[PDB]
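Participant: Provided herewith: protein-v4.cif, mmCIF, C-alpha atoms.
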data_coords
loop_
_atom_site.label_atom_id
_atom_site.label_comp_id
_atom_site.auth_asym_id
_atom_site.auth_seq_id
_atom_site.Cartn_x
_atom_site.Cartn_y
_atom_site.Cartn_z
CA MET A 17 0.00 0.00 0.00
CA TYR A 18 3.21 2.04 0.08
CA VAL A 19 5.56 2.56 -2.87
CA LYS A 20 9.20 3.58 -3.22
CA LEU A 21 10.65 6.01 -5.76
CA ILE A 22 14.36 6.18 -6.57
CA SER A 23 16.04 9.17 -8.22
CA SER A 24 19.18 9.15 -10.36
CA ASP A 25 21.08 10.61 -7.40
CA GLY A 26 20.01 7.62 -5.29
CA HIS A 27 17.61 9.25 -2.82
CA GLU A 28 14.68 6.98 -1.93
CA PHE A 29 11.21 8.34 -1.14
CA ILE A 30 8.27 6.43 0.35
CA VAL A 31 4.77 7.51 -0.69
CA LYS A 32 1.23 6.26 -0.24
CA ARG A 33 0.32 4.22 -3.31
CA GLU A 34 -2.95 6.03 -4.06
CA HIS A 35 -1.18 9.40 -4.03
CA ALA A 36 1.48 8.20 -6.48
CA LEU A 37 -1.11 6.41 -8.64
CA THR A 38 -2.45 9.67 -10.13
CA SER A 39 0.27 10.01 -12.77
CA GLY A 40 -0.40 7.84 -15.80
CA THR A 41 3.23 6.98 -16.49
CA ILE A 42 3.78 5.51 -13.02
CA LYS A 43 0.64 3.40 -13.36
CA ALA A 44 1.83 2.15 -16.75
CA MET A 45 5.25 1.24 -15.36
CA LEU A 46 3.69 -0.67 -12.46
CA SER A 47 1.14 -2.56 -14.59
CA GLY A 48 3.23 -4.90 -16.71
CA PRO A 49 5.84 -7.66 -16.50
CA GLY A 50 7.72 -5.32 -14.21
CA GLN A 51 6.20 -4.89 -10.74
CA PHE A 52 4.19 -8.05 -11.43
CA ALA A 53 5.94 -10.31 -8.89
CA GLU A 54 4.39 -10.25 -5.43
CA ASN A 55 7.64 -11.42 -3.81
CA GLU A 56 9.55 -8.37 -5.05
CA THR A 57 8.77 -5.06 -3.38
CA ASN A 58 7.04 -2.19 -5.16
CA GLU A 59 9.82 0.21 -6.16
CA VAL A 60 10.37 2.32 -9.27
CA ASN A 61 13.66 3.96 -10.25
CA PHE A 62 14.27 6.69 -12.82
CA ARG A 63 17.78 6.68 -14.26
CA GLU A 64 17.18 10.31 -15.23
CA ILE A 65 15.19 12.34 -12.67
CA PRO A 66 17.17 14.52 -10.21
CA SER A 67 16.30 14.79 -6.52
CA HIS A 68 14.73 18.20 -5.87
CA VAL A 69 12.41 18.04 -8.88
CA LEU A 70 11.12 14.62 -7.80
CA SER A 71 10.57 15.89 -4.26
CA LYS A 72 8.59 18.82 -5.66
CA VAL A 73 6.58 16.33 -7.72
CA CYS A 74 5.63 14.25 -4.69
CA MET A 75 4.63 17.23 -2.56
CA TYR A 76 2.59 18.29 -5.58
CA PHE A 77 0.95 14.85 -5.46
CA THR A 78 -0.09 15.29 -1.84
CA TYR A 79 -1.12 18.94 -2.33
CA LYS A 80 -3.35 17.97 -5.26
CA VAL A 81 -4.94 15.00 -3.51
CA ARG A 82 -5.57 17.16 -0.44
CA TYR A 83 -7.36 20.12 -2.07
CA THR A 84 -9.58 18.08 -4.39
CA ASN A 85 -13.31 18.77 -4.80
CA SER A 86 -13.04 21.47 -2.12
CA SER A 87 -15.25 24.55 -2.39
CA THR A 88 -12.76 27.28 -1.49
CA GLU A 89 -9.80 29.38 -2.67
CA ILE A 90 -6.93 26.95 -3.19
CA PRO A 91 -3.51 28.02 -1.87
CA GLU A 92 -0.98 28.79 -4.58
CA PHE A 93 1.84 26.36 -5.29
CA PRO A 94 5.23 28.03 -4.61
CA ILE A 95 7.64 27.55 -7.52
CA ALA A 96 11.24 28.70 -7.45
CA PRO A 97 12.38 30.59 -10.57
CA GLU A 98 15.15 28.24 -11.72
CA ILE A 99 13.18 25.09 -10.80
CA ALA A 100 10.27 25.77 -13.16
CA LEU A 101 12.17 24.91 -16.35
CA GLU A 102 13.07 21.40 -15.19
CA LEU A 103 9.75 20.99 -13.39
CA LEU A 104 7.98 21.45 -16.72
CA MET A 105 10.27 18.76 -18.15
CA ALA A 106 9.39 16.32 -15.37
CA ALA A 107 5.66 17.06 -15.61
CA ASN A 108 5.72 16.44 -19.35
CA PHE A 109 7.59 13.16 -18.93
CA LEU A 110 5.41 11.85 -16.08
CA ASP A 111 2.22 12.84 -17.97
CA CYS A 112 0.71 13.97 -14.66
CA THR B 156 -51.29 59.67 -7.39
CA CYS B 157 -51.59 59.22 -11.15
CA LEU B 158 -47.86 58.43 -11.25
CA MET B 159 -47.97 55.25 -9.16
CA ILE B 160 -51.20 53.97 -10.69
CA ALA B 161 -49.82 54.62 -14.19
CA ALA B 162 -46.69 52.69 -13.24
CA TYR B 163 -48.94 49.86 -12.04
CA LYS B 164 -50.76 49.89 -15.37
CA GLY B 165 -47.45 50.10 -17.23
CA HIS B 166 -48.25 52.71 -19.89
CA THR B 167 -44.74 53.91 -20.74
CA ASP B 168 -45.69 57.09 -22.61
CA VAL B 169 -47.86 58.64 -19.90
CA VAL B 170 -45.35 57.80 -17.15
CA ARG B 171 -42.56 59.32 -19.24
CA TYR B 172 -44.59 62.48 -19.85
CA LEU B 173 -45.53 62.80 -16.17
CA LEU B 174 -41.88 62.41 -15.18
CA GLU B 175 -41.03 65.06 -17.78
CA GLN B 176 -43.16 67.45 -15.71
CA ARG B 177 -40.50 66.95 -12.98
CA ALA B 178 -43.04 65.44 -10.58
CA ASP B 179 -41.35 63.99 -7.52
CA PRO B 180 -41.59 60.16 -7.72
CA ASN B 181 -40.71 59.75 -4.02
CA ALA B 182 -44.38 60.10 -3.05
CA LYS B 183 -46.00 57.60 -0.70
CA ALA B 184 -49.46 56.16 -0.10
CA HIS B 185 -51.19 54.70 2.95
CA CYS B 186 -49.43 51.38 2.31
CA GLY B 187 -46.18 53.35 1.93
CA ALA B 188 -45.37 51.77 -1.44
CA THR B 189 -43.28 53.87 -3.83
CA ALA B 190 -43.77 53.70 -7.61
CA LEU B 191 -40.80 51.32 -7.79
CA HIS B 192 -42.93 48.68 -6.05
CA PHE B 193 -45.78 49.08 -8.54
CA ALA B 194 -43.34 48.95 -11.46
CA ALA B 195 -41.80 45.78 -10.01
CA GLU B 196 -45.25 44.20 -9.75
CA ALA B 197 -45.89 45.25 -13.35
CA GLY B 198 -42.39 44.06 -14.26
CA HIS B 199 -41.81 46.56 -17.06
CA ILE B 200 -38.02 46.67 -17.29
CA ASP B 201 -38.09 49.92 -19.29
CA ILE B 202 -40.24 51.66 -16.67
CA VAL B 203 -37.85 50.66 -13.89
CA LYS B 204 -34.86 51.74 -15.98
CA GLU B 205 -36.46 55.14 -16.62
CA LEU B 206 -37.27 55.55 -12.92
CA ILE B 207 -33.65 54.79 -12.02
CA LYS B 208 -32.45 57.21 -14.72
CA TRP B 209 -33.81 60.20 -12.79
CA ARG B 210 -32.54 59.19 -9.34
CA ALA B 211 -35.27 57.04 -7.79
CA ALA B 212 -33.77 55.42 -4.70
CA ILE B 213 -34.64 52.15 -3.00
CA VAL B 214 -36.85 52.76 0.05
CA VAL B 215 -38.00 50.11 2.56
CA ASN B 216 -41.67 49.86 3.66
CA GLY B 217 -42.20 49.66 7.45
CA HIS B 218 -42.93 45.90 7.18
CA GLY B 219 -39.71 45.09 5.22
CA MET B 220 -40.67 44.40 1.56
CA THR B 221 -37.73 46.25 -0.12
CA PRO B 222 -38.82 46.65 -3.85
CA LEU B 223 -36.09 44.22 -4.92
CA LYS B 224 -37.48 41.53 -2.60
CA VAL B 225 -41.04 42.30 -3.72
CA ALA B 226 -40.04 41.88 -7.38
CA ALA B 227 -38.24 38.64 -6.53
CA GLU B 228 -41.36 37.30 -4.80
CA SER B 229 -43.61 37.65 -7.87
CA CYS B 230 -41.19 35.69 -10.12
CA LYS B 231 -39.92 38.70 -12.09
CA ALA B 232 -36.33 37.88 -13.00
CA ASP B 233 -35.58 40.90 -15.19
CA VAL B 234 -36.34 43.40 -12.42
CA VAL B 235 -34.04 41.42 -10.13
CA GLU B 236 -31.30 41.64 -12.76
CA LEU B 237 -31.70 45.38 -13.22
CA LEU B 238 -31.89 46.23 -9.51
CA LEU B 239 -28.94 44.00 -8.58
CA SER B 240 -26.94 45.60 -11.39
CA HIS B 241 -27.65 49.19 -10.37
CA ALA B 242 -28.60 49.12 -6.67
CA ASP B 243 -25.53 48.16 -4.65
CA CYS B 244 -26.19 45.64 -1.89
CA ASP B 245 -24.36 43.24 0.38
CA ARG B 246 -23.86 39.48 0.12
CA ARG B 247 -26.69 38.62 2.53
CA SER B 248 -29.49 40.51 0.77
CA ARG B 249 -28.44 39.25 -2.66
CA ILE B 250 -28.39 35.60 -1.61
CA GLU B 251 -31.67 36.06 0.27
CA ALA B 252 -33.28 37.47 -2.88
CA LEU B 253 -31.94 34.61 -5.00
CA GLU B 254 -33.29 32.03 -2.55
CA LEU B 255 -36.68 33.77 -2.45
CA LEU B 256 -36.78 33.72 -6.25
CA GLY B 257 -35.99 30.01 -6.25
CA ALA B 258 -38.76 29.25 -3.76
CA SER B 259 -41.26 31.40 -5.67
CA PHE B 260 -40.49 29.52 -8.88
CA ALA B 261 -40.81 26.27 -6.93
CA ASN B 262 -44.24 26.68 -5.37
CA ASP B 263 -46.29 29.12 -7.45
CA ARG B 264 -48.74 27.90 -10.14
CA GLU B 265 -47.94 30.54 -12.84
CA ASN B 266 -44.38 29.24 -13.55
CA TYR B 267 -43.95 25.97 -11.55
CA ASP B 268 -40.43 25.30 -12.97
CA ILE B 269 -38.78 22.62 -10.72
CA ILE B 270 -35.35 22.70 -12.52
CA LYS B 271 -35.02 26.51 -12.59
CA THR B 272 -35.68 26.50 -8.84
CA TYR B 273 -33.05 23.83 -8.24
CA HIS B 274 -30.41 25.65 -10.27
CA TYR B 275 -31.14 29.04 -8.70
CA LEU B 276 -30.90 27.60 -5.18
CA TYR B 277 -27.72 25.76 -6.16
CA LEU B 278 -26.15 28.99 -7.43
CA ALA B 279 -27.17 30.90 -4.30
CA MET B 280 -25.76 28.25 -1.97
CA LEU B 281 -22.53 27.99 -3.96
CA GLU B 282 -22.24 31.75 -3.53
CA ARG B 283 -22.73 31.19 0.20
CA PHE B 284 -19.64 28.95 0.46
CA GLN B 285 -17.52 30.86 -2.07
CA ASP B 286 -14.85 32.35 0.19
CA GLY B 287 -13.93 29.33 2.30
CA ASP B 288 -12.88 29.57 5.97
CA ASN B 289 -15.22 32.59 6.02
CA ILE B 290 -18.66 30.98 5.70
CA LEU B 291 -21.98 32.78 5.90
CA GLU B 292 -24.06 31.10 8.60
CA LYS B 293 -27.30 29.29 7.81
CA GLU B 294 -29.97 29.26 10.51
CA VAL B 295 -32.48 26.39 10.43
CA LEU B 296 -35.87 26.71 12.09
CA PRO B 297 -37.20 23.76 14.09
CA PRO B 298 -39.14 21.25 11.98
CA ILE B 299 -42.88 21.69 11.51
CA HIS B 300 -45.05 18.57 11.43
CA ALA B 301 -47.10 20.16 8.63
CA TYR B 302 -44.08 19.74 6.34
CA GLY B 303 -43.03 16.36 7.73
CA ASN B 304 -39.26 16.17 8.09
CA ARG B 305 -38.97 19.95 7.60
CA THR B 306 -35.17 20.28 7.80
CA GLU B 307 -33.23 22.66 5.57
CA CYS B 308 -29.98 21.87 3.76
CA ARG B 309 -26.68 23.59 4.58
CA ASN B 310 -24.20 21.16 2.96
CA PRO B 311 -23.92 20.79 -0.83
CA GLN B 312 -24.31 17.01 -0.63
CA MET C 1 -3.92 15.38 12.93
CA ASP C 2 -3.71 17.58 9.82
CA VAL C 3 0.02 18.05 10.43
CA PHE C 4 2.33 17.26 7.54
CA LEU C 5 5.80 15.81 8.03
CA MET C 6 8.98 14.74 6.27
CA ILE C 7 11.16 12.14 7.99
CA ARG C 8 14.73 12.35 6.73
CA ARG C 9 17.65 9.95 7.06
CA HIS C 10 20.79 9.97 4.93
CA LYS C 11 19.48 9.09 1.45
CA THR C 12 15.99 8.21 2.72
CA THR C 13 12.81 10.25 3.05
CA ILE C 14 9.24 9.51 4.15
CA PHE C 15 6.21 11.77 3.68
CA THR C 16 3.27 11.64 6.07
CA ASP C 17 0.43 13.61 7.62
CA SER C 22 -1.30 12.49 18.21
CA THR C 23 1.87 11.69 20.17
CA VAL C 24 5.55 11.06 19.53
CA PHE C 25 5.17 7.29 19.92
CA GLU C 26 2.46 7.46 17.25
CA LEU C 27 5.11 8.66 14.80
CA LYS C 28 7.48 6.06 16.23
CA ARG C 29 5.31 3.07 15.40
CA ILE C 30 4.33 4.56 12.05
CA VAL C 31 8.08 4.50 11.36
CA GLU C 32 8.18 0.96 12.76
CA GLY C 33 5.44 -0.11 10.35
CA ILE C 34 7.23 1.56 7.45
CA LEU C 35 10.82 0.41 8.04
CA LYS C 36 10.66 -2.23 10.85
CA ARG C 37 12.76 -0.26 13.33
CA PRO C 38 12.84 -0.65 17.12
CA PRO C 39 10.30 1.93 18.33
CA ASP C 40 12.25 2.61 21.52
CA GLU C 41 15.49 2.99 19.54
CA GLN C 42 14.15 5.70 17.21
CA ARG C 43 14.98 9.20 18.49
CA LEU C 44 13.31 12.31 17.02
CA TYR C 45 15.26 15.56 16.57
CA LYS C 46 13.42 18.87 15.95
CA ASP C 47 15.88 21.75 15.52
CA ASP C 48 18.55 19.46 17.01
CA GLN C 49 16.42 19.01 20.14
CA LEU C 50 15.36 15.71 21.68
CA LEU C 51 11.65 14.95 21.39
CA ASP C 52 10.57 12.87 24.37
CA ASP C 53 8.32 9.87 23.85
CA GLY C 54 4.63 10.42 24.51
CA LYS C 55 4.78 14.17 23.86
CA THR C 56 1.58 15.35 22.20
CA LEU C 57 1.11 17.22 18.93
CA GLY C 58 0.12 20.44 20.69
CA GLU C 59 3.35 20.84 22.65
CA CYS C 60 5.33 20.77 19.39
CA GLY C 61 3.84 24.09 18.26
CA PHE C 62 3.64 23.06 14.59
CA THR C 63 0.04 22.33 13.59
CA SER C 64 -1.15 24.45 10.64
CA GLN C 65 1.14 27.46 10.13
CA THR C 66 4.17 25.34 9.21
CA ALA C 67 2.60 22.00 8.25
CA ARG C 68 1.71 23.03 4.71
CA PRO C 69 0.69 21.19 1.55
CA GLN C 70 3.04 23.65 -0.16
CA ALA C 71 5.91 22.74 2.19
CA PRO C 72 5.19 20.43 5.14
CA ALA C 73 6.97 20.52 8.48
CA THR C 74 10.48 19.08 8.31
CA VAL C 75 11.71 16.61 10.94
CA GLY C 76 15.47 16.04 10.96
CA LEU C 77 15.59 12.85 13.02
CA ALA C 78 18.28 10.15 13.11
CA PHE C 79 18.03 6.36 13.36
CA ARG C 80 20.21 3.96 15.38
CA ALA C 81 23.99 4.56 15.65
CA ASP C 82 24.99 1.34 17.55
CA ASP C 83 23.36 1.61 21.01
CA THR C 84 21.64 5.02 20.57
CA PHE C 85 21.08 7.18 17.45
CA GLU C 86 22.98 10.54 17.36
CA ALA C 87 24.78 12.71 14.73
CA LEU C 88 23.00 11.12 11.70
CA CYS C 89 21.82 13.64 9.09
CA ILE C 90 20.53 13.54 5.52
CA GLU C 91 22.73 14.78 2.71
CA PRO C 92 21.35 17.87 0.95
CA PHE C 93 19.76 17.43 -2.45
CA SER C 94 21.56 18.45 -5.62
CA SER C 95 21.80 22.21 -6.07
CA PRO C 96 20.23 23.42 -9.34
CA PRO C 97 22.54 25.32 -11.73
#
Please lay out the structure from this file as C-alpha cells.
Facilitator:
Amino acid sequence: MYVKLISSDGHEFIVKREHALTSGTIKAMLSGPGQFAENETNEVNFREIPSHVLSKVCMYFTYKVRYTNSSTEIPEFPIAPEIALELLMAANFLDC
Amino acid sequence: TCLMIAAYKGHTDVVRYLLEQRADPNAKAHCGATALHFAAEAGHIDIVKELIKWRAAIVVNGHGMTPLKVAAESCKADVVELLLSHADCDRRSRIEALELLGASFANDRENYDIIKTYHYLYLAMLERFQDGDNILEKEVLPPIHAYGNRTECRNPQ
Amino acid sequence: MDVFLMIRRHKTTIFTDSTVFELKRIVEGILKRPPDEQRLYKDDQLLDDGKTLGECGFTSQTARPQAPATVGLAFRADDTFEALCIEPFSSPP
C-alpha cells in the first residue's frame, strides 16, 4: 500500500500508493511484467530524474490530492524561478 | 397619485410624460409603497430603468418588503437583474433574494419550474460557500409537522 | 492530525500527515525499526516519547501542503542514534 521512488542521485522516497497512482506513467510502469511479482517489493527507479524536482513532484501529489473537490480558494503552489524549467520537463515526462 | 397607478398599469408614454413634468416620484401612499414597487409588480423593465435614470432610490416599507425583494417574490427575473446591477447591496441581501426567487419559482402555479428553482438555489448556496474559511451562517428553524421532516440543507451534498 | 511531516535519514525520506510514539510506530510499520530505539530531533532538540502534537507548536502554520513541516531525526547509531543527518539534495545550476 506504500511505494518507493528512486532518483538518479540515489535518494529513496516512500509515498502512499494512491497518491502516487495519479500520474499515468507511473501506473503504466507498475502494470506490466515489471512490478508483477508479489515477492519483489514495489519500487520504481528513474535513471534520469534529479532529486529536488522529484521531491517537488511528490509534494505536488499530496497537495493535489488534499485540495480536491473542495469549495474554497486553493492556496498557490510556490515555484522557485530556476526550478520551473526542469519541473515542466518532469511534468511532461510523467504525464501527470 | 396618477404616477404610481400609471406605473402599475405600465403605460410607458404617460409615465414618461408625467416624469417630464418633474413630478417627484418619491411620493407615498397609505401602504407606503413607492412607484418602484408598482413597477416591479408590473415588471416593465423599461419603466424601472427610466425611474432609475432620474434618481429614484430604494426605500424600505415599514414591514420590510424592499422593492427588490417584492419583485423577486412575484417571479420577475428581469427586475431582479436590473436592480442588482444598479442598486448596490451586500452578500446577505443578494443571496436572500436569490433564494426567495428560487422558492417562488418552486411553489407558485404561474411558472412551476422545478429545474429553474433547483439551479437558482444551487447557485445561491454555492455563492454562500464561495470564500472558504469565512462561511456565511445558515440558521435552520425547528421542523414543523405540517411539512413532515422539515429540515433545511446547509451542505452541498 | 492535519500536520504534515517529512522524515529524513541519509538518502531516505518519508512523507506523512497524536503523540511522539504514534510517529514512532508509524516509522516501525514503514521500516521495521525498534520503536524505543528511534529518536526524534526537531531543531537538534530531543523529542521525548509520549509528547503530544500540541506541545510541538507546529500544527497548521508550518505543516503546509506547499511545504510540510520538516523533521530532521536520526536512526540507530549502535546503542543510541545521534549525529545522523541527511545529505542535501543536488543544487540546481
Participant: Here is a test: counting all atoms listed in the file, which residue of A:23, A:61, A:71, A:47 is nearest to residue 99 (chain A)?
Facilitator: A:71
Participant: For chain B against chain A, which residues fall within 7 Å using all atoms listed in the file, given as an MDAnalysis selection string?
Facilitator: chainID B and resid 284:287
Participant: Compile the contact shell of residue 31 (chain A) as a compact mmCIF listing (two decimals) with C-alpha atoms, in the frame of the given file: residues with an atom at most 8 Å away, counting all atoms listed in the file, same-chain residues fewer than 2 positions apart removed.
Facilitator:
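That gives us part20.txt:
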# COMPACT_ATOMS: atom_id res chain seq x y z
CA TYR A 18 3.21 2.04 0.08
CA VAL A 19 5.56 2.56 -2.87
CA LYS A 20 9.20 3.58 -3.22
CA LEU A 21 10.65 6.01 -5.76
CA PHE A 29 11.21 8.34 -1.14
CA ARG A 33 0.32 4.22 -3.31
CA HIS A 35 -1.18 9.40 -4.03
CA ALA A 36 1.48 8.20 -6.48
CA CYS A 74 5.63 14.25 -4.69
CA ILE C 14 9.24 9.51 4.15
CA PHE C 15 6.21 11.77 3.68
Participant: For chain C, which of A:30, A:17, A:50, A:73 is the closest residue, counting all atoms listed in the file?
Facilitator: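 Once distances to chain C are computed over all atoms listed in the file, the minimum belongs to A:30.
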Participant: Counting all atoms listed in the file, give me one row per residue of chain A with an atom at most 7 Å from an atom of chain C, showing the shortest contact pair and its distance in Å to one decimal, sorted by chain then residue number, as a tab-separated table.
Facilitator:
residue	atom	partner	partner_atom	distance
A:26	CA	C:11	CA	6.9
A:27	CA	C:11	CA	4.7
A:28	CA	C:12	CA	5.0
A:29	CA	C:13	CA	4.9
A:30	CA	C:14	CA	5.0
A:31	CA	C:15	CA	6.3
A:67	CA	C:93	CA	6.0
A:68	CA	C:93	CA	6.1
A:75	CA	C:69	CA	6.9
A:78	CA	C:69	CA	6.8
A:79	CA	C:69	CA	4.8
A:93	CA	C:70	CA	5.9
A:94	CA	C:70	CA	6.6
Participant: Take CA of residue 223 (chain B) and CA of residue 196 (chain B) and report the distance between them in Å, one decimal.
Facilitator: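 Separation of CA of residue 223 (chain B) and CA of residue 196 (chain B): 10.4 Å.
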Participant: Please write out, as lines of an AutoDock Vina configuration file, where the centre of an axis-aligned box around all listed atoms of region 70-81 of chain A lies and how long its edges are, in Å to one decimal, after adding 4 Å on each side.
Facilitator:
center_x = 3.1
center_y = 16.6
center_z = -4.8
size_x = 24.1
size_y = 12.7
size_z = 14.0
Participant: List the neighbours of residue 195 (chain B) out to 10 Å using only C-alpha atoms; skip same-chain residues closer than 6 positions along the sequence, and give me the result as a compact mmCIF listing (two decimals) with C-alpha atoms, in the coordinates of the input.
Facilitator:
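result.txt written:
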# COMPACT_ATOMS: atom_id res chain seq x y z
CA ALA B 162 -46.69 52.69 -13.24
CA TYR B 163 -48.94 49.86 -12.04
CA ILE B 202 -40.24 51.66 -16.67
CA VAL B 203 -37.85 50.66 -13.89
CA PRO B 222 -38.82 46.65 -3.85
CA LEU B 223 -36.09 44.22 -4.92
CA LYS B 224 -37.48 41.53 -2.60
CA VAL B 225 -41.04 42.30 -3.72
CA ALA B 226 -40.04 41.88 -7.38
CA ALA B 227 -38.24 38.64 -6.53
CA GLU B 228 -41.36 37.30 -4.80
CA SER B 229 -43.61 37.65 -7.87
CA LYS B 231 -39.92 38.70 -12.09
CA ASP B 233 -35.58 40.90 -15.19
CA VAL B 234 -36.34 43.40 -12.42
CA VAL B 235 -34.04 41.42 -10.13
CA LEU B 238 -31.89 46.23 -9.51
Participant: Just how far from CA of residue 220 (chain B) is CA of residue 281 (chain B), in Å to one decimal?
Facilitator: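 Atom-to-atom, CA of residue 281 (chain B) and CA of residue 220 (chain B) are spaced 25.1 Å apart.
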